[PDB]
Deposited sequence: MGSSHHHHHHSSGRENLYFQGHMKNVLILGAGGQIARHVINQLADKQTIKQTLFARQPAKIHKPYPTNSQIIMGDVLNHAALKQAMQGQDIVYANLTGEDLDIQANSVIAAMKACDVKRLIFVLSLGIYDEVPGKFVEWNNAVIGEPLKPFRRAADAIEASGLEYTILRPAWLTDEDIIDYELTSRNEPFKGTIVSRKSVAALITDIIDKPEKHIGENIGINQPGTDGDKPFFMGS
């Protein structure tokens, strides 16, 4: 089968690397869903379909969701919780199971929607992987390590290219990291002591 990947938030900066790594995989079809598609970086891979839509437009999202195998969400901004709920519902409506969901801020009250998004994903019964990246750099490197749900981050930063590489490895082999909620950091970027607030 063709492997149908839906990229929600496809104009995002991590998304752009994923799209690029997906561009020469001739057995993937990638659907690129974005609010403002005319600001999706060019040229447009031949295995792509570019759809204008907002994840809170439930009708648009269901249309895009039909027939998909793997959802990759790189969602930002207000109401991330409402957004996650909308993604879960559309996956369930369209019989799609596999979700890769990035939670990156881009402690405190603005984390509540993020926590509520994460909790909703963990309670969804979907085949999920939640990805939790350290501070994002634009360094041209792939250098990372992973921490589990209840472990502290072993580092301070991680390249977007690193996070894209993980996403792509999961898309390539989607049986990996099912049911996990993983921190991603560059090795040897642990913070100086002591700590301050």
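- Gaps in the coordinates relative to the deposited sequence fall at 1-21, 128-143, 235-236.
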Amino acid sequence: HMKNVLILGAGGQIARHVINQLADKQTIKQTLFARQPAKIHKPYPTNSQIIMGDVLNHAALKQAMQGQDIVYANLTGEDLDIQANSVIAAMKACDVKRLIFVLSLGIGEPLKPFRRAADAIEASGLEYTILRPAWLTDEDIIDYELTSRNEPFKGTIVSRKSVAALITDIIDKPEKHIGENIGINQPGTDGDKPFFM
From here on, numbers count along this sequence of modelled residues.
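- Averaged over Cα atoms, the B-factor as recorded in the entry is higher for 185-193 than for the other of 169-177 and 185-193.
- The mean Cα B-factor in the deposited entry runs higher for 108-116 than for the other of 76-84 and 108-116.
- When the C-alpha B factors of 132, 41, 58, 29 are read from the deposited coordinates, the top value falls at 41.
- Reading the B-factor column for the CA atoms of 64, 142, 50, 70 in the entry, the top value corresponds to 142.
- Residue 34: CA B factor in the lowest third of modelled residues in this chain (values from the PDB entry).
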